[PDB]
Every structure is written in structure tokens, then in C-alpha cells.
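Chain nomenclature is as follows: A, B, C, D, E, F, G, H, I, J, K and L, assigned in order of appearance, with residue numbering initiated at 1 for each chain independently.
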Amino acid sequence: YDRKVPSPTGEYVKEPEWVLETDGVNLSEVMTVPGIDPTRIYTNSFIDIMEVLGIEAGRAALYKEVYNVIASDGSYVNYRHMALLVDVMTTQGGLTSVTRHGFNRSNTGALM
Amino acid sequence: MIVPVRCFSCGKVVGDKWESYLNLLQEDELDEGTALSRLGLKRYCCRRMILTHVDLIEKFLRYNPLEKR
Amino acid sequence: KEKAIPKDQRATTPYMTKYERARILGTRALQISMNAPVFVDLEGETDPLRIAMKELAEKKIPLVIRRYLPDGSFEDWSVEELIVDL
Amino acid sequence: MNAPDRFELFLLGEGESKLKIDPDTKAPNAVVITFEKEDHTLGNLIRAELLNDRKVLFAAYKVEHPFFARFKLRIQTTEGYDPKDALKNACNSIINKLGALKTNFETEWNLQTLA
Amino acid sequence: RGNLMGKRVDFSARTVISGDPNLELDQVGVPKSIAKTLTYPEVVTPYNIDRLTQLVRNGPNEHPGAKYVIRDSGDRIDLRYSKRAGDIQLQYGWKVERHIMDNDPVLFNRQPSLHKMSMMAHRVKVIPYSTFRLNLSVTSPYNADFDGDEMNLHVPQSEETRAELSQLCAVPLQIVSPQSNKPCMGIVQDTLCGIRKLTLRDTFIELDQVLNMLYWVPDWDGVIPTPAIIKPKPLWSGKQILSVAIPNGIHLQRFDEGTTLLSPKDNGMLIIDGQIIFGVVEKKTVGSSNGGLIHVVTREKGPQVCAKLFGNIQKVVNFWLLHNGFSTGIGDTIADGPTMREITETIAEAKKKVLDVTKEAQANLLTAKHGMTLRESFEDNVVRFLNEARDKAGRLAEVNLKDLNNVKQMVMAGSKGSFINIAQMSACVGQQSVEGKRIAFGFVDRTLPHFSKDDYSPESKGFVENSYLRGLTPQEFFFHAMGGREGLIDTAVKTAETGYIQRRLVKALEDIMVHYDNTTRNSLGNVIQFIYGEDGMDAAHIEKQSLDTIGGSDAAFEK
Amino acid sequence: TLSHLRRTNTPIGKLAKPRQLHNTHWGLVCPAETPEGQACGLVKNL
Amino acid sequence: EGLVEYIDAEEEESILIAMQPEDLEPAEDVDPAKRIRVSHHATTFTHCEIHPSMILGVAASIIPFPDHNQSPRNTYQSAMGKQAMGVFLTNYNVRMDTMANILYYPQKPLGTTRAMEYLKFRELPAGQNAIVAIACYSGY
Amino acid sequence: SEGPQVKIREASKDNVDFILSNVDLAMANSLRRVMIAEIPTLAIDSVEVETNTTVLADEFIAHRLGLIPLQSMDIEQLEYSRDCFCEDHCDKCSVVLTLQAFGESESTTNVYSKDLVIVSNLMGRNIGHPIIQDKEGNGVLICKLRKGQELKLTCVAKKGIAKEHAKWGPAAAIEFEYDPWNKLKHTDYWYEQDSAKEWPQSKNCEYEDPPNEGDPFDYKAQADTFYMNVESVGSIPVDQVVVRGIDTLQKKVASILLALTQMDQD
Amino acid sequence: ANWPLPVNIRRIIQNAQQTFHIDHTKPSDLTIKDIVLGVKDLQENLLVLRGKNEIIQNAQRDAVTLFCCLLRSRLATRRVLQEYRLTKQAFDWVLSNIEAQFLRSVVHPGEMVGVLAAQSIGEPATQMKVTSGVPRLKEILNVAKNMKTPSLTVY
Amino acid sequence: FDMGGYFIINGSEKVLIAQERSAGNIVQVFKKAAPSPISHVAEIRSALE
Amino acid sequence: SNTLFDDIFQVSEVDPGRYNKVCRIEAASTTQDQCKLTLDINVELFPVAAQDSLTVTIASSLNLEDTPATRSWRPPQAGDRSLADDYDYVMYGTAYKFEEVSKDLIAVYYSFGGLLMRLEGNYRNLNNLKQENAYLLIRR
Amino acid sequence: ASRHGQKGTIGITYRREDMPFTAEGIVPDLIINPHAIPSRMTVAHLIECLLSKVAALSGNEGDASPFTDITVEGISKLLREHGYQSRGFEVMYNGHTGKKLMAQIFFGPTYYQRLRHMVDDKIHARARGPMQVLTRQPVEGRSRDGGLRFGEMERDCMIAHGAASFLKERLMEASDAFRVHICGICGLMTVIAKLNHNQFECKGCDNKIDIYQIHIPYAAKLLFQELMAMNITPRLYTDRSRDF
């Protein structure tokens, strides 16, 4: 991959780095394998991120996945719209789904 | 169903040339292009009026009249 | 009345919102249509909405907006003291 | 059905006048004439004739909507020259030109034989 | 869901929509028959007693007229069957249900209506015929065309909702959408194609047409601009006339690739005080793009001025294009002989490369790409070779197209089409794919009963070597149809599934609102955000800007 | 009338993609004639 | 006489078919305008297509030059051709249908198809030959 | 007389081909627009059906009858029914034609426009008669009958203009061209390799000299010398189409002049 | 460096230059003290929250951190005097507009931003190695325990 | 030009749309997904005409 | 009014580009070796060839006697006298940029309805060129 | 529509003297936008027009079967033999002014079809009209003077606009609006109101002085009564018992 890291002069230059991409997820175990940078490991499944790193980490991961889906087709949406959706999905301490088993099980009035 | 009176595009009278067109095709053994020009139809708007007309009234006249006098 | 915040500690915006302007114009326009006394000079105008707009521009709408807070408390803001900048 | 009657194109209605002349405030000595029950036929002809007058500074016409048979004509003349007089002169020029054309065609036609 | 969350309503209308270049952005054309059925209850006041009296006298069969009279006691009088006693005497506080007249605010909607710009408020314009009429620039927010679409009209019934409708939902207030903090409306189609043609350097206009073009702009101040060329003949450039429609005091600068102050290719954009200095006006300027002319105008001068900009540009460009003309025919899809020869050999070279990889694979000398099977790697190579062949052939065809080519003209304006359309029409349709793969062996070891078993050549697995101009062969026709069927199925399934997703999203977030304490809360009062968007701003007022301290070297930062 | 007299229908638990235009359909059902709605690929024409 | 043969999809799995007898059957400059045809250079053909055009149905056999169109457009026309007014029957004056539409002056297309000869589209046509201009005239 | 000039190249009873010189383009365009849309003409406008046992509909037959060209030489002696003092129609503003056809024979019998009979008082005018413009003497093929079918109807012909309905138009296609060599550069010729080889030369190119092959563009030249061919449907002579088009245009300008005068007094 | 932010400062500077007809040759009358203090006190008027306690004041400061960074980068002493050549009148005009523009960009209380966000996310979904598009979106909204193509990125 | 091929029931023309089914008396072998104890299955829907 | 800049140039080259009526010409002054001209010219009305000598003049107004949307443009009348009478090609445009090229070299950019001009020269000969509207007069 | 998926409605009609014309005097019967061509890649539409133009000029039936030896270049040669531009372009004139159009127009015959959808069978408006017996809301169907559905998606859009009063008016005054009397003790719609005698009573609560009238949609009244049939008690109360 190509990542832009600040140069010793002070400018941003793209230097290549070797990245391992995987089929399957074992985040807890892989994060401990020596040689990797455990402060940068990322997982496609934000559920594993929430289980290992916490709700706030899952909140950031959930936004990243949603942002990627929107931008994969080239469309752009403002940050606040996606941020609000992810905040609602994480406001109760866990990942609440947008199905009838998630947000529809709150305490918001039967008529709603 | 029957021949239009006028050309749709320019309004030239073409409803007085159907029988002349058919007679040229049948007895004079003319090609349809030559017959169209012999009738004085020069603009292709008028040519397609006579060239693409389907005479359905002949089919309708095969049914016996609903009300005979 | 513990839910009426005194005027000296109101923490809401000093600006009229778009929804506040829309309802004030509609509220005063409806009143004008019902033969309400107009407090602005008319140089020739029959549409109640345009008369209301003239009143809002000259700050002659005798209404106050009771802004509600998510805990039930409210703040009273006069249409004359609210800045119409939008 | 909402099809307007086709005679509304040329037949002038009740309480409706052929001409409506109103001064133009955007420039001096300018006027806007609204023609009723007319189309590009007169607007183009009148506007073109006006543009041949040296005492006319602006001449343009537009048909705002093709649904309604009316066009506006904006004329601005030099100071001391009345736009109505400019329209009068242009209309006279068209009439005289058309009269000459009719005579020329008739005299030329009388010389033919096939018809 | 069927009777409470949504229901059928009174005082509404539906019919087919048409496009009117001569209507203002916020105007809607209403058929006269509809205007006679729909009514507005107007209260009798000293300011409208005489007008309402005449409307009552007119009766319910003449627009502008009236249908009912409501007294202060609540009694409603049908003006039909009421003339027996003569015209009624009106009193203050009464209501006259009269026909919807011109400039009445109405809500204009198109279903599915997936976002708030699909319901916008327009000003009524009563018109002949039986179709609704709307400006062309408002077709993109509605996602509407004129192939038969129908739209719904709703008439507010009170001064409250009537001012609410015109002060919150008016079309000019929706020009800059908050979804992507950029304009949602722009110049499109004919007006986008003509504006590109009108602003070329070769475009010069004479006095007679300039005067008519100036008069078509309603807000033209009556001052004739000095022609760009004074002698030997007074000629106005198209940029000069289009500048009359741009409000004064507007500045806009954009640089494209290779753009300089002396723009040799007339690209980029430079506008000072509402006058265009250089640059062709195309979708990057008058389209619904970030930082374009519409974005700058609507934020600098306001929404109402921007609405007038739409009409002024459309009127001046539509008039100019009406007398210039623009067409397109079969001749625009034909490349010259040398180009077709280069295209033919380009495809032949790609086919030879495919043959080379196939024969080495059949020799077992090809090594599978890491993490992939031999066959998958082989297919990846074949598809890459054939994909690049089509693109290269399309590039050869596109370069040959002259500046007078009409399809090329449309693409450059951004009005319609793209590079791929030119390539497929003129050079090569290319590889057909189903399920992101080549045509599969439906038959035993072959695609059709016209090849031999175990055939992997491009012609066997769905590579269309011909163009649309030259015609597909029967094998190509069937393979192309298979790919087309894939798109039709995808369109149907995704439409149903995305619709459910949209409803689920709306119902999950429907009760969230920004409160007067700047917090984002739901119906429970639970805090979702302690400040909206974490910055407290509205997306409709956000623009992309460069942070000048983060980037650059340290020396530049010091300097 | 002619098209309606030569239509075929397929009732859509199944594990397959019946809506697609299969290779075996060649010369047997029209590759182009199908509804654009929920019957796309399920209603075929000889 | 053994000159033609009925073949089903299952038997179609065991036969080799030639698209045309013009070029595929004979043992084996070119016009730059003609489409590129693949020979397939096989000497074991067992059958030959009567004509490739017969792969289409009733609705797609009215489209002129369907092989110069994008496939979805052909699908749209197949659906839309069934919504066009024409002469559905010649005895519409003795039938009592719920609804019926009859074109005043049905014309036959100037550009026709050979398959249309058997659909009776020249005897009962649905449409007219309009003089069409492709232009941006008034923005309407 | 020293104004617009006329030169007739080919004259016939159906077509007149002339060159209109020393004129403006606006005047030439208005002449053809008026010749197409504003020359009054007599045409069948209302039809009363007494018997219709044909295979065609009454509205179908009425539309055909309105499109039959009638003589309009003395159309100016007729009045507009809207401007006439009569209940429905009279001899001062209308012409009445009757059509009676019966299927007496076993073969198909054809109803032509020659079968229309004028039953009004023409008052010595020259209007109403259907135009017969073929060899056999028949007119337009109105309808076909089999044995036992009858068509009985009465037609009322009124004067109008093609602006109201195209049936009142006396002119077919009008040819109109200027500057066949494109010396004013009002067209930018689309081409592939060479535009001169790809665009056929107009027949009118023989009446003008070609460009001098290297001279600078003439920016002072204006369009004139228009080549026009007017076709007539036969209701009025083609020469009258041109003459009456000038008359109609002349009257329209005079009406504007008169309206301007009327406003001056008030 | 390109990020969405409320107020467009480049346009404001351009308007000031074209409105007051900056000479660009004669030196300005601005002072270094005026520039530095003018920007500093302008940053105080960028009010999103108006509470008079510590918690709200800290939130107010945090809300305008990025905008103030953009503000300070554009209205720098060297940039104002050397790049823009602004006059004292132009500088004061610029400060007033930034305050006016900023106060107009604030979110309006009573705005239904929830429905707005849902429609803004769902509308693009209608026009839509790993799963992408609608299937991936549908997999995210429904928190699927088993996703089609889970993956890890290891640096 | 009428071609037949339809029925008249209660005065209404009714066309019978051909119904597509899978042929009988043919052995078909399918693979089953991972979450199932059965990996492959050979099925025949025996039919007597 | 008065001439802000007059000089003589020798056209080094002419470039039509993608246009059929406008050519961008490169020219250099005949008396000064530090003055060059890039100019877009409507060559349909004023053809220009290489090796040509052009007298280029810039003026703030066209009326003869000094008189230092302004006013509505009107067609010239008979008896109208102005600077344009002495030249063949005249254009009216605006100056939109002043660029410092060197210590004493200054370049002024003009736009005549989209036809761009660039006048490079020493600081002491382009000192009367302001950021305003001006006329460009060219005489062969 | 044509035979190539190109369908459209009539935007406007023009008379002959307003249409663009050729030097021969031929005017179009129909004008379509060039923008319909490129994105859809219906090259057959343009080939048909070129073929039909040659067919009309020669008096023949054009062969448009898919897979044949007929090419565009062959048709182009035939068209030029007839004295026309080989690609189907013609020099046209503006109908309003008579000046030549700077561009040349692709012009020729094409087979168009009149579709079943006519606007006069779709246009319909309703101020007031019949209501359904059950829900007492506007009836369905244009043929029955019915109303239009203001559905959930429309409601969401109006919520996004903040037009609260308009949303209420659509759901109440443009549709079922019903007034009921509720009891202050029990929130049930069980109050017998003799409005002529100015008497109210809620038997079961034995009260006559604690009555209120509320404005709710008739569907809401129907919903609550249906819930009552299911033994559920939706009790409507006009004052709050718990703080926010």
C-alpha cells in the first residue's frame, strides 16, 4: 500500500509499506502476534472491534464501514449524517441494529 | 383504413391518386418508385403517404352490412 | 414558576430561527386576515403575508416565542428583541 | 379537456386591445409595446424594419410563452424622436415595400404562358 | 400504516408533467380544469371585499371564480343553485372558497419521494392543456423526466400552512442541499449543451441577435454592453452576452489541468464582477457541483437571486440555441478508415496476447497468482487484456472525433453520454460478463452449440468484438442479451431492497431533533450528540476549504 | 395477441437463479422479451 | 425427406451447428464496414441454423436492426410494442369489447423485417411513419 | 416600383418558381409564413349525418370531408359566420353541399368529391365547387360502399385560415432558400473528410457565381435574392397565393398602423 | 488539507479586495497589533453555545477548534499584509462578515436532523474481493453475526 | 387474421399460459451447504405419464 | 482620450488551434527587445500571417479629444470621428491581472470578451496601463 | 414511442410555419432531442431513419432484419445517389426568422407508435368528495372522484421540512377529522353527549362535569375502538402525570 507519512524535511511523501490482508478474523489472537503494529490493526467486522477494543472503537469502526460503502460508488455524504446514524447505533453501550430486534425494543411509547 | 386525403407533413392532396397508383402498378407493370414519381409525388413525405398506406376498408367491406335498406 | 427561566440567565440563541420566523409570519398573517389591528403603516398592500413581513421588518409584531427545553423549562423571547438575520 | 379554442390565436377578445404602449423606466426615451393576437410574423418584420432607422438605438421583440399569441416590442429612439413615430415610419416602409412587391410579381406573372 | 401514518387527502391533484423552458424555477404550470376544482378558503377583509365579490359574481364556471361561500356561523353556500336569489352580500370574517389563482403556493411532489427535495413548494401559474409544467433545472431533485411521469399537487388551506409552505419548502430555499453540502439543482440538457457552445471563443453575435438576447433577460438594466470587436464589424462574444445574466459582484476562479492566466485551451474559469474573463461554461461551472457558479451565487446573493439566475441563463441560452440548432445522427458514430484499422489491429493484438496466455496455460507453465487458483489467475489475465483492448480502442476512436462531432460535443458539455458510450457505439462493445465473470458453459463444456468443447477464446466466452454501428453477430447478440438481463434483474431486486432499507433508516431516526440547548436528543430526551455534528453547524452552509498550515514543508511554513 | 398466445410462466423454496437468460434458452425462448417488473425472467416467450 | 430435423435442448448438447451455410460450410479483400464474423474453422458440423433471426420472439421480431441496439432497449420495445394502437382485428365493428383503440390511418413501416412477413404486421400495423427531426429547437 | 424585385423561373397551375431579389430576410420569411397560415379559404366545417351505414365512422368521414379542397377564388365576397347576422348560417357566409351515395351495384362503389352537389345560392360567385385535379375526372376518394350501404349527409362550408385548422390552408410545401454557396457563413457544414465533396450542390448554385477561391470573407453582405417555390392545393390559383399573401401581410401592417392611430385620439 | 468547514474565507477576502479597490502598490495603514488583536477577539464572537458556566464554555471552545485553526492560518500577519494587501477598512469588513457568516451557519434549533440524516444516507443507496453496495449496507444495518467476507488488515 | 388458441368462458376470451416445470424421471445430484449433515443428494421425482 | 501604449510588433507566428475564426499570434516589438505580445485575433475579420508588422495601440477611450457598464453602446452615426478611423482592427476589453515577471518586467493581461491578450514589457513603458477597461487598436 | 425503447410525451405542438423547414419545404412531423441518443446507444434508431429515407426516395421496403449484409455505408451510398447528404443531414431554416440553422439536422422518416397512456385518462383533482364507509377518508380511484395518498414517505419529507402545521392540516382537515368526548376519570370515548340538551355523562364513572372534547382522526377513533374490542384500554388524558 501507499501511505503518506511526514518527511524529515516536513513535507508529506508517500512511502510504500507491506500490509497483510486476510480471509477470516481472529482479532484478539492476531493482535498479540509479535512483529505487527497492534495500534493499527483493523478488522472488517466491527463486531469484533467492539468486543476487543470497546464501544467507542466500534463506533469509529462502524463509521468507517458505512463511509466505505457510501464512497465505494463514488458518492459523498456529509459527515454529520453518517455520524448521527452511528451514534444512534451505539448510544446504549452496544451495537443496536436497525431491525425490529434493535431500535424497536426501546422505551419510546407503544404508539411510536 | 382508407387513403388519407392530405399528406400529413405538407398537406398536398394524395387521396385522389390511390386508384391511379394501383392501376400503374397492375396494368403498366411499373415499379412503385416509378409510379410514385409518375403521379407527381416528389417529396418523400408524400411518397411514404401512398407507399405505406394499408387499405383496410377493403377488408371491412367483406362483412355483410349491419343494416340493409 | 420554576420552569420560567429569568430573563437575565437565558442561554438560548438571540437569533430568530427559520421555524420561528415561519410561524410568526403565518401566525400574524392569519390574525391580519381576521381583521386584527395592524401596527405598521401600509403604503398599499392587501396580502396578509406581505403585511406581516412589513411588521416583522419594522419590529411591530406583539408576540413572544416560548422556547421549550428538553426538561420542560422554557424561555420567553419577544419578537422585537430577536435578531432576524437569516 | 383544456385545449384553448384556435380562434384565440388571431381573434381579439372582449376588453382586449390590439396594442398596449407603456413607457420603459430602465432607459430614457424607451417604450414597450405589447401586441395582442400576433406572432413572430409581425414581430420579426417590424423589428427588422425598425433596425434600419438611424434614429433607433434599440429594437427587440420576444414571445414570452408560445401558448399565448402575444409578443412584446421594446423600442428606444434618440432624444427628440418619439418611439411611436418610429413604429409609424417602419410600418409605412413595410407597406410601401409590400405594395411594390405585389406590382412586380403581377407584372412578371402576366408575362408567363404555361399558367 | 395505511390509514394513520399515511392516508388519502382532499384538495389534491395528479396529472402528467411536462417541461417548460419559459417558467421560473419556483413556478409550476397548473391546468385550468384543475385550478377550477381546487379551491382556497380566503377570509373576507376590508382589503379583499371587492375582489372576492367579483369572484363570487363570476361563479364556479369561470376562472378566476369561486365555488362556495362560508358564513361566520359555519354555513356553506354552493354558488351553484345560489344565483336564484342573486349575488350574495359578503361580510367581514366570512370565507370565499375560490379557485386557486396565480402565485398561490402549492406543494408539488413526486413519489417514491425519497428525500425532502422531492416535496417542494411552487407558485401557481394557471395554464392551457392537461399537463403539469415545471422548469428543467428542478427535474434532478425530483428524479423526474417527461416520458409519462405523473406528479401530485397539494393546496394548503390556511394562512398558517400557506406561509409555512412558502417560507420553508420553497424551491429557491432548497437549491443547496444538506445531504452533500452542494447544490442539488443546475443547468441541464439543452441549456448545458448550448451554454458550452455559446461560450466558445469562435462564438460571435451580431447586433440584431444581441438586442433580442438582451431583451430576453427580464432584469437587464437596458444598457447595451460594448462589443468585444469594434472594427471592422461590431461583434459580441457569447461570453459577453452570458455575462449579462450573471449578477454583478460575483467572483469565481477555477483552474483545470494546464490552465493559466492565458488559457490556451480556454479551460478553467475566471469571473470578475459578474463578467466572464475566460473559460468555457460547462457542467463544472453551471452544473450542480461543489464550488460552482450556483453554489457561489446562492451563498453570496441569496436563494431568490439564484432562482433568477436559473431562468436568465436558460432564457438567453435557449433563445441562442433555437436559432443556432443542434442535432446528432448516424454520421456522429463513424470513425474514419485509418482509425478502424488501428482499432482492428489493437483488438487483434489483444486476442494474440490472450492466445499466448492460453497456450502457456495449456502447457502448465503458467504459475497461479499468489492466493488464487490457476484458472482464476488465467481468467484475470484474459479479462484484463480484453478490458484494456476496449478502452484503448475507444481512446483511438475518441481522439479521431472532430470538434464538430455532435456526440463528442454532448460529452464535453457534460450534458449526456460519456467515453464508454462513444467506445461501444464506434469502436467495440467489449466483454460481456454475468455475475462478474465471463459467459459460463451452460452447455457441457461450451457456451453455445456453435463452438467446440473446451473453447476459451474471447469469441467463445462473450467478447463482443464489433461495435453497435457495425452490428453484433448472433453469438454476440445472445451474450450481450445475457449481460443485459443481469442489469434488469439487478435493477428490480435492488429497488425493492433499498426501499426497505430507507424505511428502516427513517423509522430509526425519525424522533431525533436539535433542541434549543444545541443538543441532539430523541423523543425520550436521551442525548445522542452533545452538539449536532460535533461542530454545531448546518450542512447547507459547509464548503470545502484548504487548511494551509497542515501541509507543505517546514521551510515553506516558515516563509 | 400473438405474444400473449406464446407466453410461458415459471412459479418462483428453490436454490438457483431462474431469472437469468441461460445458454440453453438459445433459439427456444426470446432473449429480449420479458417484463421489467417482478416477472422479469419468470415470464418467457417462445 | 431428411432435410430438416427437430432438435431439443438435450439433444442440442451433442451436435455442432453452423450459423450460416455461406461461410462455415465451405472448406477454408474484406469490407471494412461489415461486422467481424468468426469462422470457427470446424469441419465436423452436423446441423445448420435455418436463420439466426428466429431466436427472437413475436415482439422482438418487429424491432429493426435489434443487433445495433443495446439489449435493454430491445427489452423495453418488446414490452411497449404491446401498448401501441393499431388494428387488432378487422371485425371490431361487430365485437363488444370493454375498451378498444383503432388508429385512423395505420401505415406499414418503411423499414420492415422479414420475420414481420409472418406476423401480418403489414396487414394490421400499429403505428405511422412520421417525418422526424433530431434537434434542440425550442427546449420543449 | 424600385423595391423588391421578382423573376419567375417556372410557372404552372400548381407551382410557381421565382427569385425574390432586393428584399430583406424578415420580409421573405413573413411572406411564406402568411402564405401558409393566413390566406382565407373555403372548406367544409360542419356535417349533418342523416344516414351512415358504411364501415367508417361519422367523425372519420367528417374529418375527410373537411380536408377536401373547395374553390376559393371569390372567397372575399363571402363573410365570416362569426361576423354575420344570422342564426346558424346563410348564403352570405356559407356554402351548402349535399352527399348522397347508395350501394346499388354488386361491386364496390366509390364515393368521390365530384359527387358533392351545391344546394345553396352561389349568387353568381365562384366558390364551393370541389377541386377536380386528375385525369379520370373524379376527386378525392371519400368512401367505399358495398351493396345495400348508404351515406346521406349535408355539408356546410365556411371560410377560415390555416391558423384555426390546417384544412383552410391553400398552400402545400413552400421551398425557400438563400445563399446556396454559403458566402454569408450562416451554416457550419458538418463533414468527415471534405465538406465540399460530401454536401451536394444546390440547383440554385447555377444562378450565383461561386466563391472566388481565396478572397477574404465579406462581412458586410446581407442575405437577399431568395429562391422560392410555392405549391397550391388547387383551392385558389398559385399566383393568387403569392398575391393574396402580400395582400394579407399588407393588411396586417395596416391594422397595426390603424390601431396606433386609434390610440392617439384618446 | 481540504475539508468541509462552515465559512468560506477565500470568497470573503476576494469580495473585500474587489469592493474597496485595494491599491496593491501603496502600503496599507494596518498595524501588527490591529491584525493580531482583531483575529483574537473575533475568535471569541464565534458563538455556538452561550452558557455562562465552565462545562459549556469548554464545549464552546472545542466546537470551534478546527475553524479557528483555519481562521488563524488565513488571517496571518504576513499573509494579510503581503499576500492580500488588505487595508484597515477592508480588514474590519472581513472580520464582520466572518462573524456574520459563522452565526448564520449554526444549526437552527427545532431542525429534524434525524430524518434528514436517514434520507441523506438512504437516497444514495437507491442508486447503488469484498462485499460492497447494497449487500454490504444491508449487512451493516442488520448487525449480522456472520458476514460474507470478514477480513483483517495487519500493519 | 384471428388465430384461435383460446377459450370463450362467459363471453371472455381466455388464453392458457404454458406452465414451466422440471422434468420427471431424471436423476439430479445436488450439493448441500456446510450447515447440514448431508453433503450430496441424488433425487428423482418418479412420474408415470 | 489619449494613447496609453503605442508600439510596432512583428508577428513571429500564428496558431489557429481548435478554432476556425480565432488565432493566437505571438509577436515581438520592433524597437524594444524586452516587449512581446500574445494576442487572440478574429482572423475571419482581420487575417494575420507570419512575418507581418502590426501597429498596436492601447487607449482608454476612442473619442479624439481628451476625455479622462459606463454608458449604453449605440451604433455609430454618420459623421462620427474617433481613433478607430485610423486603424483596421479595434477591440474593447478589461484588464484582469498584473504580474511581476522580473525586476523591471511587468505583464498586463487583457480580455476582449474572452479573447485574451498578454503584454510583457519593462516597467517604464507599461506604466500607463491601469486595471480598467481599454481599447486595443491594430493597424497593418 | 419508436421501436427502440425511445418513449416520450408531447411537450408542445407547433404549426407548420413555426417548425424548422428544409430547402425543399419539408417540415418534421415530430422533433426529438439529440440527448436521447448517446447514453442509450440506440444506433438502430438512426440506421432506421437513414434506411427509411432511402426507402421513401426509391419506393422500396427497407430490409431491417438483424443479421444481414446490409451496412450503414451501403445505405449512405444509396442516399447520396438520390441527391441527399449521405449521412442524413440537411440544411434547415428557422421557422420564426427564416435564417439557416448553424447546425444541420438529422432528418428522415421513422416509425412511431401511439401508446395507450393518454393524459385525459389520468388528469384528476379533488377538492372534496365521497368518503369510505369504514375509515371515513377520501375514497380510492380517479373514476370514483377519489383522493390522492399522502403516504408515510411524504410525511417523512414534510417532517424534514419542519412544516408541522402543514403536516397536521393534511392529516386532519384534508382527511378524516372527528371530534369525540372523553372522560376525565377514564380516558375512554364512552361519554354520551346530548349536545342539544347540553348534557354529558359517562356511566360507569358516574360523572357529568369532567368531560373534554378532543380532535382526532376518525381512523384514530376507529383504532382505539378496535383496541377496546381486543380488551385493551387506550385511555386518552389531557394532563401529564410525570415530568420530562
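Here is the rule we go by: a contact is a pair of C-beta atoms (placed from the backbone, for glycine too) under 8 Å apart; a residue touches a chain by one contact, two chains touch by 3 or more.
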item	value
Remotest chain, subunit G as reference, centres from CA atoms	C
Chain occupying the most central position, where position means C-alpha average	E
Between subunit J and subunit D, distance of the C-alpha-averaged centres to the nearest whole Å	75
Rounded Å distance, subunit C centre to subunit I centre (Cα mean)	30
Distance between the centres, which are taken as Cα means, of subunit K and subunit A, whole angstrom	61
For subunit D paired with subunit E, centre-to-centre distance based on mean C-alpha positions, whole Å	39
Residues of subunit B whose C-beta touches two or more other chains	1, 8-11, 43, 45, 48, 51, 60, 63, 66
Sequence positions of subunit K contacting 2 or more other chains	20, 45, 72, 74-75
Junction residues of subunit H - those touching two or more other chains	25-26, 29, 33, 37, 55, 60, 163, 166, 169, 172-173, 188, 190, 192, 219, 231
Contact footprint of subunit E on subunit F as seen in their complex	19-24, 26, 31-32, 34, 36-38, 40-41
Contacting residues of subunit C [partner subunit E, same complex]	11-13, 18-19, 21-23, 25-27, 29-30, 32-35, 45-46, 48-49, 52, 67-71, 75
Residue numbers on subunit L that touch subunit C, as the complex places them	162-163, 165, 243-244
Interfacial residue positions of subunit H with respect to subunit B in the complex	53, 55-56, 60, 64, 67-69, 102, 108, 110, 113, 131, 133-136, 138-141, 143-150, 166, 169, 171-173, 231, 233-234
Residues on subunit K engaged by subunit D in the complex (per definition of touch)	72, 74-75, 77-78
